[PDB]
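Only one chain is included here, represented as structure tokens and corresponding to the form deposited in one PDB entry.
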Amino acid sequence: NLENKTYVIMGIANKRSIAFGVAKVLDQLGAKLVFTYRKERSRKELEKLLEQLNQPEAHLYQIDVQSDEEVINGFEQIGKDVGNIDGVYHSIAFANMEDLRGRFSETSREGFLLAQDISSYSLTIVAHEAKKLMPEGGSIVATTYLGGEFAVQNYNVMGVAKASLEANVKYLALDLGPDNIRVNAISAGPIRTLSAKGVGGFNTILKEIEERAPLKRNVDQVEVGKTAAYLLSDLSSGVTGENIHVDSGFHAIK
């Protein structure tokens, strides 16, 4: 039960976004939700998707996590509009498409740093600004993939950006733990989303889960959202620096 909680959900682009499965679950559990987006198209999609939620007010903020001032001012505006928050769900990554197929060793410096900036560093600065709204403690969760732990074909520069994110989670957990802020990751199995369309071989990744993972099926956004509700709530009070795989068991097999 999350009535009287407030969470900031970063990274809804459309009805297939992982962050939207999180939103549906939290919403259904009674939470107040604030949404951040980059592209105008994503705000338009949030406005339509909010008609499916039970949020009596639209709280939408444009935050491009490449910009310190947009992250700083965005959270400062959120604090002014809704007061203190209980957590942040971070569902944000980016890499140029030519870096999500072919040969990893041909990755450009600009593409490698782009992916690090948006997919990893953004959690650091978000945590720094979000903590200002969590004087009593809180919970920050980011979304990762098994390609941060193992080399997977095609995931290439984003695998190295997820390894960076997963370490970023541990270091933030150590730093913010004395402030009663927990920081954790969910390592989601493959899910058809707008960003999946850029990963080479994505359909064969999905098929392999169905054939080989312990549950012999793929997961969906709402399953990620249910684990998010656990990590964002008091149920997980003793848990920080942790990476929970929501992937039908695929992480545990070879």
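We number the residues from 1 along the sequence you see. For clarity, a rigid core is taken as the largest C-alpha set superposing within 1.5 Å between two forms.
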{"item": "Mean C-alpha temperature factor, higher of 123-131 and 160-168", "value": "123-131"}
{"item": "Mean temperature factor over C-alpha atoms, higher-scoring stretch between 209-217 and 31-39", "value": "31-39"}
{"item": "Residue of maximum C-alpha B factor among 99, 179, 117, 149, per deposited coordinates", "value": "179"}
{"item": "Of the residues 227, 195, 187, 203, the one carrying the largest Cα B-factor as recorded", "value": "203"}
{"item": "Third assignment of residue 254 from its chain's C-alpha B-factors", "value": "middle"}
{"item": "Position of residue 73 among the chain's modelled residues by C-alpha B-factor, lowest, middle or highest third", "value": "highest"}
{"item": "Residue 58 - Cα temperature factor, lowest/middle/highest third of chain", "value": "highest"}
{"item": "Assigned third (lowest, middle, highest) for the C-alpha B factor of residue 107", "value": "middle"}
{"item": "Third of the chain, ranked by Cα B-factor, where residue 144 sits", "value": "lowest"}
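This protein has a second form, the form deposited in another entry, left out of what is shown; the following refers to that one.
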{"query": "Answer among 60, 29, 53, 215 for the CA shift between this form and the one not shown that reaches 2 Å or more, rigid core superposed", "finding": "215"}
{"query": "Rigid core superposition, residue 40 Cα moves 2 angstroms or more between this form and the one not shown", "finding": "yes"}
{"query": "Note on residue 213-residue 184 C-alpha separation in the other entry, which departs from the shown form by 3 angstroms or more", "finding": "farther"}
{"query": "Change in CA distance between residue 225 and residue 218 in the other entry, which is 3 Å or more, as closer or farther", "finding": "closer"}
